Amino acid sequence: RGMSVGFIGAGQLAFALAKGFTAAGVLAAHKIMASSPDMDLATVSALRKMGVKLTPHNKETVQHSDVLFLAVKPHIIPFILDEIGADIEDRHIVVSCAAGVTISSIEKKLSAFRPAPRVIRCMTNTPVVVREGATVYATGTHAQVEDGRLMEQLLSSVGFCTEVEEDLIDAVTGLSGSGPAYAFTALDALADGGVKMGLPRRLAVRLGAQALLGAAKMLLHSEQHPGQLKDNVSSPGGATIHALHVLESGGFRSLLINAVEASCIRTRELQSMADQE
């Protein structure tokens, strides 16, 4: 309540959470702070008009925060923990949202400046900008049951949230992590298609969007199985079971696996390649 939050990073994910948080009415524009190593107009300048506090020193950020978010490229993290670790008091919890980066590698490198650092590994996606982001997290070792709560609550204010045994955090990144981009790509497609049919552009994009959204809900607000909802929507005639067949004919499912697998396998590498060199 007397809480403040900071993003040692910036860019999208920062802006994402920051935007979601303010809107969710949990924090306050000014009661947040993100550091601008350089300043990327889009991101940075955006936050400015938003109301957040931006400083070139991802240090004042650490002092200004009760809850610290590590939102920087995975390989950058090291060049931070050993630049801020010293400034890591005990009051604050450190939530690293960087991909692949292990809770361990952070603690056992950050502890070198503190007996027991409080850290949690996060995994979110851009949709947080609304309240439909899908977030997963894992509690550190020096993380009290009162921290997961604060976490599981600060995030549940902007999307979905659940404790997850870190070893899973890598798959999750493929699915819900990258997912929003597999979607943005699939929408653009559909529009283009709907358009190659007579529908105007704006109109097409919105129907495509709406179509997806709706599908989501039905699936979430029930079990059924994505399999069955497919059945409920296709009359023996055609019009749909037909479109399916086409998708089904070009390994449409196959290609989505291929992309989650890829997202994962990559995230593994990025980290399991930062373990040594």
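When you see a residue number, it is the position in the sequence shown, counting from 1.
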| request: Between 106-114 and 192-200, point out the one with the higher average CA B-factor as the PDB entry records it. | output: 106-114
| Which wins on mean Cα temperature factor, 118-126 or 142-150? | 142-150
| task | Among the candidates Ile241, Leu247, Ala211, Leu27, give the one with the maximum CA B-factor reported in the record. | result | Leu27
| request: Among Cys264, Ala10, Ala18, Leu255, single out the one with the highest C-alpha B factor in the record, please. | output: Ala10
| field | Third of the chain's Cα B-factor distribution that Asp90 belongs to, per the entry | value | highest
| task | Using the B-factors in the PDB entry, rank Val233's C-alpha atom against the chain and give the third, lowest, middle or highest. | result | middle
| When the modelled residues of the chain are sorted by Cα temperature factor, does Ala215 land in the lowest, middle or highest third? | lowest
| query | Based on the entry's values, in what third of the chain does the Cα temperature factor of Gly51 lie: lowest, middle or highest? | reply | highest
| note | Split the chain's modelled residues into thirds by Cα B-factor; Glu83 lands in the highest
